[PDB]
Ligand code: SF4
């Protein structure tokens, strides 16, 4: 479904960025984590999480990629 | 829909997300804009990126810094 393009976008990020997004969206174990929990696991600020999320979403929604109906 | 006519669907998506090291990726930004310059939906793409607030990447023939400069 969306998995293919989403995993494709995750592949373009660093391991740490991709971990941050997987925890934020609950992709790996089905449990989205809070900003506090993510900042504790990967040692990143809330503004840095915001930027990672924003960048990932721009990549996912860019017209270069087919979108999910 | 305009996304149907995006010529960047035939490109490496990462072309449109340049990262620089100690400065702007001037060449990669130009390379992305070159695709936008042969795209029939540059204006719709730029309008959508601006209206939905896409911060990262090249959209509608504009770099991320250029769209940021337009915005408040
Ligand atoms: S203007 Fe550029 S980013 Fe937008 S659809 Fe066309 S090629 Fe893709």
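Protein chains in written order, with PDB author numbering: chain B, 455 to 523; chain A, 2 to 73.
A virtual CB, placed ideally from N, CA and C, is assigned to each residue, including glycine.
Exercise. Find the residues of chain B that neighbour residue 15/A, judging by a C-beta separation of less than 7 Å, and give them in chain order.
Key: Working through the second chain from its first residue, we reach residue 15/A at position 14. The contacting residues are 466.
Self-check item: Assigned exposure category for residue 516/B - 16 Cβ within 10 Å defines buried
Solution: Locating residue 516/B in the first chain gives position 62, counting from the first residue. By the 10 Å Cβ count, residue 516/B comes out buried.
Exercise. Report all residues from its chain with a CB closer than 8 Å to the CB of residue 66/A; omit the five preceding and five following residues, and keep chain order.
Key: Sequence index remark: in the second chain, residue 66/A carries index 65 (1-based). Here the set comprises 25.
Quiz item: Relative to the C-alpha of residue 44/A, which residue among 56/A, 22/A, 60/A, 35/A is closest?
Solution: Along the second chain, one-based indexing puts residue 44/A at 43. Ranking the options by Cα distance to residue 44/A, first place goes to 60/A.
Quiz item: Straight-line CA distance for residue 33/A to residue 499/B?
Solution: Here residue 33/A refers to the residue found at position 32 of the second chain. Here residue 499/B refers to the residue found at position 45 of the first chain. So the two alpha carbons sit approximately 31 Å from each other.
Quiz item: Can you tell which of 13/A, 2/A, 18/A has the C-alpha that lies nearest to the C-alpha of residue 64/A?
Solution: In the second chain, counting from the first residue as 1, residue 64/A sits at position 63. The option with the nearest alpha carbon to residue 64/A is 18/A.
Quiz item: Is residue 37/A close to chain B, meaning its C-beta is less than 8 Å from at least one C-beta of that chain?
Solution: By 1-based counting over the second chain, the position of residue 37/A is 36. For residue 37/A, the answer is no, since every Cβ of chain B falls outside 8 Å of its Cβ.
Exercise. Look at the Cβ atom of residue 55/A, then the Cβ atom of residue 512/B, and state whether they are nearer than 8 Å.
Key: Residue numbering aside, residue 55/A sits at position 54 when the second chain is read from its first letter. Residue numbering aside, residue 512/B sits at position 58 when the first chain is read from its first letter. Yes. Within cutoff.
Quiz item: Closer than 7 Å: is that where the CB of residue 31/A sits relative to any heavy atom of the ligand ATP?
Solution: With respect to small molecules bound, the structure shown includes the ligand SF4 and not the ligand ATP.
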